[PDB]
file run-v6.csv (CSV, N, CA and C atoms and all ligand atoms)
chain,number,residue,atom,x,y,z
K,548,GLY,N,291.6,39.4,3.7
K,548,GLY,CA,291.5,38.5,2.6
K,548,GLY,C,292.9,38.1,2.1
K,549,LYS,N,293.9,38.5,2.9
K,549,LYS,CA,295.3,38.1,2.5
K,549,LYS,C,295.5,36.6,2.6
K,550,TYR,N,296.3,36.1,1.7
K,550,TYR,CA,296.7,34.7,1.8
K,550,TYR,C,298.2,34.5,1.8
K,551,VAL,N,298.7,33.4,2.2
K,551,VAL,CA,300.1,33.1,2.2
K,551,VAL,C,300.3,31.9,1.4
K,552,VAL,N,301.3,32.0,0.5
K,552,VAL,CA,301.7,30.9,-0.4
K,552,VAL,C,302.2,29.7,0.4
K,553,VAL,N,301.6,28.5,0.1
K,553,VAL,CA,301.9,27.3,0.9
K,553,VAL,C,303.4,27.0,0.9
K,554,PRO,N,304.1,27.0,2.0
K,554,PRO,CA,305.5,26.8,2.2
K,554,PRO,C,305.9,25.5,1.5
K,555,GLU,N,307.0,25.5,0.8
K,555,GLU,CA,307.6,24.4,0.1
K,555,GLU,C,308.6,23.7,1.0
K,556,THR,N,308.9,24.3,2.1
K,556,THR,CA,309.8,23.7,3.0
K,556,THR,C,309.2,22.7,4.0
K,557,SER,N,307.8,22.7,4.0
K,557,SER,CA,307.1,21.8,4.9
K,557,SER,C,306.8,20.5,4.1
K,558,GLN,N,306.4,20.7,2.8
K,558,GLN,CA,306.2,19.6,1.9
K,558,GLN,C,304.9,18.8,2.3
K,559,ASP,N,304.2,19.1,3.3
K,559,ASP,CA,303.0,18.5,3.7
K,559,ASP,C,301.8,19.4,3.4
K,560,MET,N,302.1,20.7,3.2
K,560,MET,CA,301.1,21.7,2.8
K,560,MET,C,300.0,21.9,3.8
K,561,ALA,N,300.3,21.5,5.1
K,561,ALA,CA,299.3,21.6,6.1
K,561,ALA,C,299.9,22.0,7.4
K,562,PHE,N,299.1,22.6,8.3
K,562,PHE,CA,299.6,22.9,9.7
K,562,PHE,C,298.4,22.7,10.6
K,563,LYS,N,298.6,22.3,11.8
K,563,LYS,CA,297.5,22.2,12.8
K,563,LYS,C,297.3,23.5,13.5
K,564,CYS,N,296.1,24.0,13.3
K,564,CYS,CA,295.7,25.3,14.0
K,564,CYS,C,295.6,25.0,15.5
K,565,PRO,N,296.5,25.7,16.3
K,565,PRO,CA,296.6,25.4,17.7
K,565,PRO,C,295.4,26.1,18.5
K,566,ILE,N,294.7,27.0,17.9
K,566,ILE,CA,293.7,27.8,18.6
K,566,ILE,C,292.4,27.1,18.6
K,567,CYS,N,292.0,26.5,17.4
K,567,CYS,CA,290.7,25.8,17.3
K,567,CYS,C,290.9,24.4,16.8
K,568,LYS,N,292.1,24.0,16.6
K,568,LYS,CA,292.5,22.6,16.4
K,568,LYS,C,292.0,21.9,15.1
K,569,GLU,N,291.9,22.7,14.0
K,569,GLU,CA,291.6,22.1,12.7
K,569,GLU,C,293.0,22.0,12.0
K,570,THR,N,293.1,21.0,11.1
K,570,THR,CA,294.2,20.8,10.3
K,570,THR,C,294.1,21.7,9.1
K,571,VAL,N,294.9,22.6,8.9
K,571,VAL,CA,294.8,23.6,7.8
K,571,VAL,C,295.4,23.1,6.5
K,572,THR,N,294.6,22.9,5.5
K,572,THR,CA,295.1,22.5,4.2
K,572,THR,C,295.0,23.7,3.3
K,573,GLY,N,295.8,23.6,2.2
K,573,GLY,CA,295.8,24.6,1.2
K,573,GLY,C,295.6,24.2,-0.2
K,574,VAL,N,295.1,25.0,-1.0
K,574,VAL,CA,294.7,24.7,-2.4
K,574,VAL,C,295.6,25.4,-3.4
K,575,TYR,N,295.9,24.8,-4.5
K,575,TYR,CA,296.6,25.5,-5.6
K,575,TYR,C,295.7,26.3,-6.4
K,576,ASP,N,296.0,27.6,-6.5
K,576,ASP,CA,295.3,28.5,-7.3
K,576,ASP,C,296.0,28.7,-8.6
K,577,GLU,N,295.4,28.2,-9.7
K,577,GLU,CA,295.9,28.3,-11.0
K,577,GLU,C,296.0,29.7,-11.6
K,578,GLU,N,295.2,30.6,-11.1
K,578,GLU,CA,295.2,32.0,-11.6
K,578,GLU,C,296.4,32.7,-11.1
K,579,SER,N,296.7,32.6,-9.8
K,579,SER,CA,297.9,33.2,-9.2
K,579,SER,C,299.1,32.4,-9.4
K,580,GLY,N,298.9,31.1,-9.7
K,580,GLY,CA,299.9,30.2,-10.0
K,580,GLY,C,300.7,29.7,-8.8
K,581,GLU,N,300.0,29.8,-7.6
K,581,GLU,CA,300.7,29.5,-6.3
K,581,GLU,C,299.7,28.8,-5.4
K,582,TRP,N,300.2,28.0,-4.4
K,582,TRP,CA,299.4,27.4,-3.4
K,582,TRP,C,299.0,28.4,-2.4
K,583,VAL,N,297.7,28.4,-2.0
K,583,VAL,CA,297.2,29.4,-1.1
K,583,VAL,C,296.8,28.9,0.3
K,584,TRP,N,297.2,29.6,1.3
K,584,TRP,CA,296.7,29.5,2.6
K,584,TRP,C,296.0,30.9,3.0
K,585,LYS,N,294.6,30.9,2.9
K,585,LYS,CA,293.9,32.2,3.1
K,585,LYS,C,293.4,32.2,4.5
K,586,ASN,N,293.2,33.5,5.0
K,586,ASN,CA,292.8,33.8,6.4
K,586,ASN,C,293.9,33.2,7.2
K,587,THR,N,295.2,33.4,6.8
K,587,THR,CA,296.3,32.8,7.5
K,587,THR,C,297.4,33.8,7.6
K,588,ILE,N,298.1,33.8,8.8
K,588,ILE,CA,299.1,34.8,9.1
K,588,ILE,C,300.3,34.1,9.8
K,589,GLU,N,301.5,34.6,9.6
K,589,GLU,CA,302.7,34.0,10.3
K,589,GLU,C,303.0,34.9,11.5
K,590,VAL,N,303.0,34.2,12.7
K,590,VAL,CA,303.3,34.9,13.9
K,590,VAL,C,304.5,34.3,14.7
K,591,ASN,N,305.5,35.0,14.8
K,591,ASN,CA,306.7,34.5,15.5
K,591,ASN,C,307.3,33.2,14.9
K,592,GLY,N,307.3,33.2,13.6
K,592,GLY,CA,307.9,32.1,12.9
K,592,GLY,C,306.9,30.9,12.7
K,593,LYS,N,305.7,31.0,13.1
K,593,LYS,CA,304.7,30.0,13.0
K,593,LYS,C,303.4,30.5,12.3
K,594,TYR,N,302.8,29.6,11.4
K,594,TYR,CA,301.6,30.0,10.7
K,594,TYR,C,300.4,29.7,11.5
K,595,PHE,N,299.5,30.6,11.6
K,595,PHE,CA,298.2,30.4,12.3
K,595,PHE,C,297.1,30.9,11.4
K,596,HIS,N,295.9,30.4,11.6
K,596,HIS,CA,294.7,31.1,11.0
K,596,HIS,C,294.6,32.5,11.5
K,597,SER,N,294.5,33.4,10.6
K,597,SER,CA,294.5,34.9,10.9
K,597,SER,C,293.2,35.2,11.7
K,598,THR,N,292.2,34.4,11.4
K,598,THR,CA,290.9,34.6,12.0
K,598,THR,C,291.0,34.2,13.5
K,599,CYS,N,291.8,33.2,13.8
K,599,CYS,CA,291.9,32.6,15.2
K,599,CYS,C,292.8,33.5,16.1
K,600,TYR,N,293.8,34.2,15.5
K,600,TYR,CA,294.8,34.9,16.2
K,600,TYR,C,294.1,36.0,17.1
K,601,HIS,N,293.0,36.6,16.6
K,601,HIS,CA,292.3,37.7,17.3
K,601,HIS,C,291.8,37.2,18.6
K,602,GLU,N,291.5,35.9,18.8
K,602,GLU,CA,290.9,35.4,20.0
K,602,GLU,C,291.9,35.5,21.2
K,603,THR,N,293.2,35.3,20.8
K,603,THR,CA,294.3,35.3,21.7
K,603,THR,C,294.8,36.8,22.0
H,701,ZN,ZN,291.8,27.9,13.1
call {"tool": "encode", "arguments": {"input": "run-v6.csv", "output": "structure tokens"}}
result
Amino acid sequence: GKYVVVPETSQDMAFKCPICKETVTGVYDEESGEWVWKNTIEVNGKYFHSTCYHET
């Protein structure tokens, strides 16, 4: 259930999931006060859906 705060260096707030090919969008959570990418993990400098990584 870990989430990653949407990178401000990308400025598009999205990345293309290479494993199942969905465009990953993120939402601003007003309670935590940050943009969220949930079920997401960074592997070797790239962000992937954490759910998808297990298939590889
Ligand atoms: Zn995915």
call {"tool": "select_by_dssp", "arguments": {"input": "run-v6.csv", "residues": "chain K", "states": "alpha helix (DSSP H)", "output": "number ranges by chain"}}
result
K: 597-600
call {"tool": "atom_distance", "arguments": {"input": "run-v6.csv", "atom1": "atom CA of residue 563 of chain K", "atom2": "atom CA of residue 548 of chain K"}}
result
20.1 Å
call {"tool": "atom_distance", "arguments": {"input": "run-v6.csv", "atom1": "atom CA of residue 567 of chain K", "atom2": "atom CA of residue 549 of chain K"}}
result
19.8 Å
call {"tool": "atom_distance", "arguments": {"input": "run-v6.csv", "atom1": "atom C of residue 600 of chain K", "atom2": "atom N of residue 580 of chain K"}}
result
27.7 Å
call {"tool": "residues_near_ligand", "arguments": {"input": "run-v6.csv", "ligand": "ligand ZN 701 (chain H)", "cutoff": "8 Å", "atoms": "all atoms listed in the file", "output": "ChimeraX atom specification"}}
result
/K:563-571,595-600
call {"tool": "closest_atom_pairs", "arguments": {"input": "run-v6.csv", "of": "segment 575-595 of chain K", "to": "segment 552-559 of chain K", "cutoff": "8 Å", "atoms": "only C-alpha atoms", "output": "Markdown table"}}
result
| residue | atom | partner | partner_atom | distance |
| --- | --- | --- | --- | --- |
| K:581 | CA | K:552 | CA | 6.1 |
| K:582 | CA | K:553 | CA | 5.0 |
| K:583 | CA | K:552 | CA | 4.8 |
| K:584 | CA | K:553 | CA | 5.9 |
call {"tool": "axis_aligned_box", "arguments": {"input": "run-v6.csv", "around": "segment 561-580 of chain K", "padding_each_side": "5 Å", "output": "AutoDock Vina command-line options"}}
result
--center_x 295.7 --center_y 27.0 --center_z 3.5 --size_x 20.0 --size_y 22.4 --size_z 40.2
call {"tool": "select_by_dssp", "arguments": {"input": "run-v6.csv", "residues": "chain K", "states": "strand (DSSP E)", "output": "PyMOL selection string"}}
result
chain K and resi 550-552+561-563+570-572+574-576+581-585+587-590+593-596
call {"tool": "decode", "arguments": {"input": "run-v6.csv", "residues": "chain K", "atoms": "C-alpha atoms", "output": "JSON list (two decimals), in the first residue's frame"}}
result
[["chain", "number", "residue", "atom", "x", "y", "z"],
["K", 548, "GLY", "CA", 0.00, 0.00, 0.00],
["K", 549, "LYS", "CA", 3.06, 2.22, -0.30],
["K", 550, "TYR", "CA", 2.79, 5.20, -2.62],
["K", 551, "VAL", "CA", 5.35, 7.48, -4.20],
["K", 552, "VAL", "CA", 4.91, 11.24, -4.36],
["K", 553, "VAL", "CA", 4.48, 12.31, -7.98],
["K", 554, "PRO", "CA", 7.84, 13.62, -9.25],
["K", 555, "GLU", "CA", 7.97, 17.35, -9.92],
["K", 556, "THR", "CA", 10.88, 16.86, -12.29],
["K", 557, "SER", "CA", 8.64, 15.17, -14.85],
["K", 558, "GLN", "CA", 5.92, 17.86, -14.81],
["K", 559, "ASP", "CA", 3.58, 15.53, -16.71],
["K", 560, "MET", "CA", 2.65, 13.52, -13.60],
["K", 561, "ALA", "CA", 2.40, 10.36, -15.66],
["K", 562, "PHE", "CA", 4.51, 7.43, -16.84],
["K", 563, "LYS", "CA", 3.81, 4.61, -19.26],
["K", 564, "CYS", "CA", 3.74, 1.23, -17.51],
["K", 565, "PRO", "CA", 6.08, -0.92, -19.66],
["K", 566, "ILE", "CA", 4.77, -4.21, -18.31],
["K", 567, "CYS", "CA", 1.02, -3.93, -19.02],
["K", 568, "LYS", "CA", 1.10, -0.70, -21.04],
["K", 569, "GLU", "CA", -1.27, 1.59, -19.13],
["K", 570, "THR", "CA", -0.47, 5.27, -18.75],
["K", 571, "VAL", "CA", -0.03, 5.82, -15.03],
["K", 572, "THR", "CA", -1.65, 8.97, -13.73],
["K", 573, "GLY", "CA", -1.52, 10.29, -10.19],
["K", 574, "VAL", "CA", -3.89, 12.18, -7.93],
["K", 575, "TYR", "CA", -3.29, 14.94, -5.41],
["K", 576, "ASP", "CA", -4.15, 13.83, -1.89],
["K", 577, "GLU", "CA", -5.14, 16.85, 0.16],
["K", 578, "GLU", "CA", -4.79, 14.95, 3.45],
["K", 579, "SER", "CA", -1.12, 14.04, 2.95],
["K", 580, "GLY", "CA", -0.69, 17.23, 0.96],
["K", 581, "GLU", "CA", 1.18, 15.47, -1.83],
["K", 582, "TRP", "CA", 0.57, 13.92, -5.24],
["K", 583, "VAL", "CA", 0.30, 10.14, -5.04],
["K", 584, "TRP", "CA", 1.41, 7.24, -7.20],
["K", 585, "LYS", "CA", 0.10, 4.18, -5.35],
["K", 586, "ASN", "CA", 1.05, 0.56, -6.09],
["K", 587, "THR", "CA", 4.15, 2.12, -7.59],
["K", 588, "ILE", "CA", 7.86, 1.47, -7.07],
["K", 589, "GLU", "CA", 11.12, 2.86, -8.47],
["K", 590, "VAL", "CA", 13.42, 0.25, -9.97],
["K", 591, "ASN", "CA", 16.86, 1.16, -11.32],
["K", 592, "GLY", "CA", 15.94, 4.82, -11.67],
["K", 593, "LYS", "CA", 12.56, 4.20, -13.32],
["K", 594, "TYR", "CA", 9.08, 4.10, -11.85],
["K", 595, "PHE", "CA", 6.92, 1.04, -12.43],
["K", 596, "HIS", "CA", 3.63, -0.23, -11.07],
["K", 597, "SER", "CA", 4.66, -2.24, -8.01],
["K", 598, "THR", "CA", 1.95, -4.73, -8.87],
["K", 599, "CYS", "CA", 3.42, -5.34, -12.33],
["K", 600, "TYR", "CA", 7.05, -5.75, -11.23],
["K", 601, "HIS", "CA", 6.30, -9.15, -9.67],
["K", 602, "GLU", "CA", 5.46, -10.64, -13.08],
["K", 603, "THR", "CA", 9.00, -9.95, -14.25]]
